[PDB]
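K.L.:
I am attaching a structure below and will ask some questions about it afterwards.
Every number in this text was worked out from the coordinates using simple rules, so none of it is lab data. Reconstructed Cβ throughout: ideal geometry from the backbone, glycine too, with neighbour counts over all protein chains shown.
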Amino acid sequence: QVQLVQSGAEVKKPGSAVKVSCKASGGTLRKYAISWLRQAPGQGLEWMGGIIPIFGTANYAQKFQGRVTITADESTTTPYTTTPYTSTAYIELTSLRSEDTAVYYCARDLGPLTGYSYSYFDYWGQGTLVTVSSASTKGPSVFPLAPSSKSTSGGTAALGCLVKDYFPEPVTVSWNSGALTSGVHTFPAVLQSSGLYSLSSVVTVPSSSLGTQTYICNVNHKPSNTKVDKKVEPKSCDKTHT
Amino acid sequence: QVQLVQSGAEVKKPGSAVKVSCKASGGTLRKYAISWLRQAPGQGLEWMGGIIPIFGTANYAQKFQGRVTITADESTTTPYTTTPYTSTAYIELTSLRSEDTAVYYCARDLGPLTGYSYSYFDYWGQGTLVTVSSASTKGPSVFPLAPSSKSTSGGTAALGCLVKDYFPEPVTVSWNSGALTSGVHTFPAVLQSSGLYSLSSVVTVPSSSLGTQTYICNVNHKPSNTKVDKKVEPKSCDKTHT
Amino acid sequence: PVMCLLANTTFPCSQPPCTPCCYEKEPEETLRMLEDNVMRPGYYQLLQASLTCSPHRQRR
Amino acid sequence: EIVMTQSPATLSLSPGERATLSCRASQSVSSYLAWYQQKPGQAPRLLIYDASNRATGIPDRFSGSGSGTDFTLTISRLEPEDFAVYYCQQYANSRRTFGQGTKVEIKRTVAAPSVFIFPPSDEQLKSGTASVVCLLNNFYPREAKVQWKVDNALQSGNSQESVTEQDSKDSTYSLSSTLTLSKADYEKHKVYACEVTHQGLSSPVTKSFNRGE
Amino acid sequence: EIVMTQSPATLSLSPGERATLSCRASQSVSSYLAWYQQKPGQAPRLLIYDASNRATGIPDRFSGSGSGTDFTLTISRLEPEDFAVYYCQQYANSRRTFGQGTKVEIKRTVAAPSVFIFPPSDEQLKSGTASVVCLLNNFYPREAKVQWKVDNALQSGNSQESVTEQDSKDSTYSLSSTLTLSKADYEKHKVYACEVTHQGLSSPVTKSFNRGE
């Protein structure tokens, strides 16, 4: 049918600026608007503005004027054109505040073509993520979570793992390098009140195998291409392990 | 913007006729209709009828069709209408009844310009009061009012006067020739079943004022150039005015 | 730099002549800033940053 | 026929607060409705035409809605000059009808009336009649009812009433009422009495005076 | 402003039931609504444009209804792929506005939470630090409340909360919470014992642990 494709996700210091680029292609229609929307994670969904890539004619929701600029690139497209049609568009987010941290969507708006009126958002990009904070690209604290003083058999007991103290949120984890799949819950994110993230991963079990099985977990992170692997046996004031 | 002006108020015997009139000016639009409406103070507001003054072509509510005739000037409707556009409109009330006692308004109607459709009223005059009565030219009878449970000391907090049996409403009342303008209260009017007017007015003074200063009201009226004044200090069963 | 005029003073076409978004604060004399800067090359490229953004309530 | 009914015959609030006026259309008008206001001694002025266009002289203190039979006028906040009569009108049909209107009362702390009775005088009794003037002064709200008695027999017929507007700088209302008798009938009785019921009173009050006082 | 609302903040039902989600606007939008479904890790996709028209290739299950101020999206019988977030959107004026969104959820039989707790480990204890974990595992419905209750007292000034959704196979939620301080503050107590209050449990539940073992 048609598709939109836009810049990869990006992370920035506050008081700087960033530009998101969008491209659209393959629809039959010629002169639609392209529009930008944003969403602080699950907190809402706001239309910001748009352009008509033929006319320029930048148009804004009043809430974003001064804090954003919108542009599009005209091209050497002839009056006949005779290709699949294409367009290029941008938001320049400027004087950044940490509250600007959101996913930003490009979308096709039929408003001009539908008799110069308002319209619904007809087709959407993938969405892309802007992260705003002063923090440095710290790699995680990666310690093993210690199972508690054991409740013993006749039921189910505690087992799991913890990851803390990183910037750039995109860590990943894997138990026994993928040999454990079911029974794993991984709690997706936490924000540590000052820019750093945290994660935990857990395995609900019958009480049979603490101090006995080779329970082991990988941790992976993108800053410095850091990668880690650890066992999760009971060790605190004393120790009991396989 | 625009204004409507109309002729001054009327007073009439039953079974007589009235030629009320109005003028419009200053609008950019040429083909508006002029419409006439009325209210009595004991009624809602009703549309009677209207015209498009260029054509004539009157249009009426079925309550009034044949009770009134509506007409206009040849408004100098030439080509090269580069002088400011203006027009005059007239209504002819005929053999009128006491129920035709009301305020009549001139108002502008865009119905022909909005694609020949019924419409709200865009701008208004001040209105013409038309008064129908069996009565005839009279100045006021006037009376001094005795204090409540008369005491001449402090047992009441107003001092007052009564006005009765005049014709044409605009008597006017003033306290110490208008110097005592503060603390006045006055009540609107009543037509008696005898077809003649009445009014009451007071100064909100304590009874300790009596002879501590002198208290009067001065009245003016327009018919027969009638003018009158009297004391409001005690004047009924005995002469104890202070 | 390229220079503005306000009769009593002169300054670059790259700093605020009086204040940001002048026309909302001082309209009938912002009419006069373009009678002083009237016919010179610089100020018609400072207007790009001088009738542009959000003051402490207005947004454009 | 297309009858227009405004639900509040009167409404009350302070300045700085949102009045919510409403109308019922007897049959579908399908938009084609307007809102006006008026002050005494003036013709109306238009506020709103169709559901929600304001007239080009009107500030954002006014707003409207409705799409079939059910209509609303929402005033964003009353300034101490917006207290007025308001009317709907429809133009869906050849019989253009206004509503009977709504008047807004400026809300304040109550005050009970001093009710009074004020006797007639020789200047009227020289002309064959006498008027007794009950005179409820400087009170709020104007929800008072008044009734008249002579030798304690009721006189509800002739004894008409008249009310101020929202008078003074603060809407202190008053009422003036005029029990009026022929000279012979004024002389045939000796006790004159007038009685008031009001929201600011605890219970009804009667005041009286006697012939020859 | 045109204020949007979606009445069910969440809708829970079993596959094969009619879903029906409902929308309000503070003044008439008069058509000019649209409906979307939204999926985790994706951008939205269109379902309905105007009051009632299906978007490109949207199959049959969805239908849109309403006019003026009040609207609904109905699903004829909900399929296991349709469970998602859902949005209304307005385009009657230049402030195009989306609703708060609604989540559509697989209804299933009840399961209650199991509670777990965990000590710190040597890498934190060498780093001047202690970190402690509390879990609720694998329960439905999910509206539980939890507290750290260490030496019975509320711990919160250092301690966060986190959630996970319905699992795609098991249809249950879970919680994770952390307590973290200096290793010297972690010694101030001896009964680390987190609580749960839940609708599938008969009474609140707690499990207890001690520092130094």
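K.L.:
Grab the strands (runs of 3 or more DSSP E) fully contained in segment D:25-108, keeping just those with 1 or more residues being hydrophobic (A, V, I, L, M, F, W, C) and away from chain B (no Cβ under 13 Å).
P.N.:
Answer list for segment D:25-108: D:62-65, D:70-75, D:102-106.
K.L.:
On to the next question. For residue B:34, state whether it is more than 21 Å from the chain's Cα centre (by Cα) and either under 16 Å from residue B:110 (Cβ atoms) or among the hydroxyl-bearing types (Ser, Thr, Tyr) (or both).
P.N.:
Values: more than 21 Å from the chain's Cα centre (by Cα): yes; either under 16 Å from residue B:110 (Cβ atoms) or among the hydroxyl-bearing types (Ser, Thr, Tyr) (or both): yes.
Yes; evaluated as a whole, the condition is true for this residue.
K.L.:
Now, a different point. Being farther than 15 Å from residue B:107 by Cβ, in contact with a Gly (Cβ under 8 Å, 6 or more places away or on another chain) and without any contact (Cβ under 8 Å) to a residue 60 or more places away in the chain is the requirement here; does residue B:57 meet it? Full working, then the answer.
P.N.:
Working: farther than 15 Å from residue B:107 by Cβ: yes; in contact with a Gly (Cβ under 8 Å, 6 or more places away or on another chain): no; without any contact (Cβ under 8 Å) to a residue 60 or more places away in the chain: yes.
Here the answer is no, as residue B:57 does not meet what is asked.
K.L.:
Another question, then. Yes or no: residue B:236 within 11 Å of chain D (Cβ to nearest Cβ), assigned to a loop (DSSP other than H, G, I, E, B), exposed (fewer than 14 other Cβ atoms within 10 Å of the Cβ) and of a type in the set (S, T, N, Q)?
P.N.:
no
K.L.:
Scan E:151, E:170, E:185 and give me the residue that is more than 8 Å from chain A (Cβ to nearest Cβ), acidic (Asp, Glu) and under 28 Å from residue E:15 (Cβ atoms).
P.N.:
Numbers: E:151 fails: under 28 Å from residue E:15 (Cβ atoms); E:185 fails: under 28 Å from residue E:15 (Cβ atoms).
Answer to the check: E:170.
K.L.:
If you check residue D:193 against the conditions, is it more than 29 Å from residue D:82 (Cα to Cα) and loosely packed, with under 14 Cβ neighbours inside 10 Å?
P.N.:
Answer is no for this residue.
K.L.:
Right, another one. Name the residue, out of E:89, E:124, that is within 22 Å of the chain's Cα centre (by Cα) and of a type in the set (S, T, N, Q).
P.N.:
E:89
K.L.:
Can I ask one more? Which one of the conditions (1) closer than 24 Å to residue A:203 by Cα; (2) away from every other protein chain (no Cβ under 14 Å); (3) more than 17 Å from the chain's Cα centre (by Cα); (4) of a type in the set (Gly, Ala, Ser) does residue E:144 fail to meet, given that it meets all the rest?
P.N.:
Status for residue E:144: all satisfied but (3).
K.L.:
Of all residues in segment D:196-213, which are within 14 Å of chain B (Cβ to nearest Cβ) and of a type outside the set (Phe, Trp, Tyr)?
P.N.:
Within segment D:196-213, D:196, D:205, D:206, D:207, D:208, D:210, D:211, D:212, D:213 qualify.
K.L.:
Then there is this: Specify which of the listed residues (A:18, A:5) is in contact (Cβ under 8 Å) with a residue 24 or more places away in the chain and more than 29 Å from residue C:54 (Cβ to Cβ).
P.N.:
None of the other options fit; the residue is A:5.
K.L.:
Return the residue satisfying two criteria in turn: it lies in segment D:92-118 and is within 21 Å of the chain's Cα centre (by Cα) and among the hydroxyl-bearing types (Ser, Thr, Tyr), and of such residues it is nearest to residue D:47 (Cα to Cα).
P.N.:
D:102
K.L.:
Quick one: in segment E:1-51, which of the residues that are among the polar types (S, T, N, Q) and more than 26 Å from residue D:72 (Cβ to Cβ) is surrounded by the fewest Cβ atoms within 10 Å (Cβ to Cβ)?
P.N.:
E:14
K.L.:
One residue is enough: does segment C:6-19 have a residue meeting the conditions within 14 Å of chain A (Cβ to nearest Cβ) and either surrounded by fewer than 16 Cβ atoms within 10 Å (Cβ to Cβ) or of a type in the set (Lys, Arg) (or both)?
P.N.:
No, segment C:6-19 contains no residue that is within 14 Å of chain A (Cβ to nearest Cβ) and either surrounded by fewer than 16 Cβ atoms within 10 Å (Cβ to Cβ) or of a type in the set (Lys, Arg) (or both).
K.L.:
Go through segment B:111-128 and give me each residue that's among the aromatic types (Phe, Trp, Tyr), in a loop (DSSP other than H, G, I, E, B) and more than 7 Å from chain D (Cβ to nearest Cβ).
P.N.:
Result: B:116, single match.
K.L.:
Which of the numbered conditions does residue B:132 fail, given that it passes all the others? Conditions: (1) surrounded by 16 or more Cβ atoms within 10 Å (Cβ to Cβ); (2) out of contact with any strand residue (DSSP E or B) (no Cβ under 8 Å at 6 or more places or on another chain).
P.N.:
All conditions are met except number (2).
K.L.:
Can you name every one of the strands (runs of 3 or more DSSP E) wholly within segment D:117-182 that holds 3 or more residues which are under 28 Å from residue D:41 (Cα atoms)?
P.N.:
Of the strands (runs of 3 or more DSSP E) lying wholly inside segment D:117-182, those with at least 3 residues that are under 28 Å from residue D:41 (Cα atoms) span D:129-139, D:161-163, D:173-182.
K.L.:
Would you mind stating whether residue B:88 is more than 21 Å from residue B:9 (Cβ to Cβ) and either surrounded by fewer than 18 Cβ atoms within 10 Å (Cβ to Cβ) or free of Cβ contacts under 8 Å to residues at least 24 places away in the same chain (or both)?
P.N.:
no
K.L.:
So, in segment A:26-47, of the ones that are more than 10 Å from every other protein chain (Cβ to nearest Cβ) and closer than 12 Å to residue A:89 by Cβ, which residue ends up surrounded by the fewest Cβ atoms within 10 Å (Cβ to Cβ)?
P.N.:
The residue in question is A:34.
K.L.:
For segment A:219-228, which positions are touching a strand residue (DSSP E or B) at 6+ places or on another chain (Cβ under 9 Å) and away from chain E (no Cβ under 14 Å)? Outline the logic, then answer.
P.N.:
Step one: list which residues in segment A:219-228 are touching a strand residue (DSSP E or B) at 6+ places or on another chain (Cβ under 9 Å), which gives A:219-221, A:223, A:226-228.
Residues satisfying the conditions are A:220, A:221, A:223, A:226, A:227.
K.L.:
Checking residue A:50 against (1) small (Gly, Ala, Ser); (2) surrounded by 14 or more Cβ atoms within 10 Å (Cβ to Cβ); (3) within 14 Å of chain C (Cβ to nearest Cβ), which single condition isn't satisfied?
P.N.:
Against the list (1) small (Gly, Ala, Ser); (2) surrounded by 14 or more Cβ atoms within 10 Å (Cβ to Cβ); (3) within 14 Å of chain C (Cβ to nearest Cβ), residue A:50 comes up short only on (3).
K.L.:
Return a yes/no flag: does segment A:142-162 have any residue that is surrounded by fewer than 20 Cβ atoms within 10 Å (Cβ to Cβ), within 18 Å of residue A:226 (Cα to Cα) and of a type outside the set (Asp, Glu).
P.N.:
No.
K.L.:
Does residue A:150 satisfy the condition of being part of a loop (DSSP other than H, G, I, E, B), in contact with a strand residue (DSSP E or B) (Cβ under 9 Å, 6 or more places away or on another chain) and charged (D, E, K, R)?
P.N.:
Taking the combined requirement at face value, the residue satisfies it.
K.L.:
Hey, can you tell me all the residues within segment B:1-32 that are over 23 Å from residue D:58 (Cα atoms) and aliphatic (A, V, I, L, M)?
P.N.:
The answer is B:9, B:11, B:17, B:18, B:20.
K.L.:
Among the residues of segment A:172-218, which ones are within 13 Å of chain E (Cβ to nearest Cβ) and aliphatic (A, V, I, L, M)?
P.N.:
At the first step, the residues of segment A:172-218 found to be within 13 Å of chain E (Cβ to nearest Cβ) are A:181-194, A:196-207, A:210.
Within segment A:172-218, A:184, A:189, A:190, A:191, A:196, A:199, A:202, A:203, A:205, A:210 qualify.
K.L.:
Between residues in segment D:26-55 that are free of Cβ contacts under 8 Å to residues at least 12 places away in the same chain and residues that are aliphatic (A, V, I, L, M), which pairs lie under 6 Å by C-beta distance while being six or more apart or on different chains?
P.N.:
Note: pairs meeting the criteria are D:54/D:48; D:55/D:46.
K.L.:
Residue by residue through segment D:111-126, note down the ones that are of a type in the set (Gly, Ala, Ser) and either buried (at least 23 other Cβ atoms within 10 Å of the Cβ) or within 7 Å of another protein chain (Cβ to nearest Cβ) (or both).
P.N.:
Keep residues of segment D:111-126 that are of a type in the set (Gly, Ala, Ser), which gives D:111-112, D:114, D:121.
Correct list: D:114, D:121.
K.L.:
A further question follows. Taking the stated definitions as given, is residue D:131 under 17 Å from residue B:141 (Cβ atoms), within 12 Å of chain B (Cβ to nearest Cβ) and over 21 Å from the mean Cα position of the chain (by Cα)?
P.N.:
For residue D:131, the condition - under 17 Å from residue B:141 (Cβ atoms), within 12 Å of chain B (Cβ to nearest Cβ) and over 21 Å from the mean Cα position of the chain (by Cα) - is met.
K.L.:
In addition: Please indicate, with yes or no, whether at least one residue in segment C:31-39 is surrounded by 13 or more Cβ atoms within 10 Å (Cβ to Cβ), closer than 25 Å to residue A:95 by Cβ and over 8 Å from the mean Cα position of the chain (by Cα).
P.N.:
no
K.L.:
Of all residues in segment B:169-214, how many are in contact with a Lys or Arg (Cβ under 7 Å, 6 or more places away or on another chain) and either crowded, with 18+ Cβ neighbours inside 10 Å or in a strand (DSSP E or B) (or both)?
P.N.:
Here the count works out to 2.
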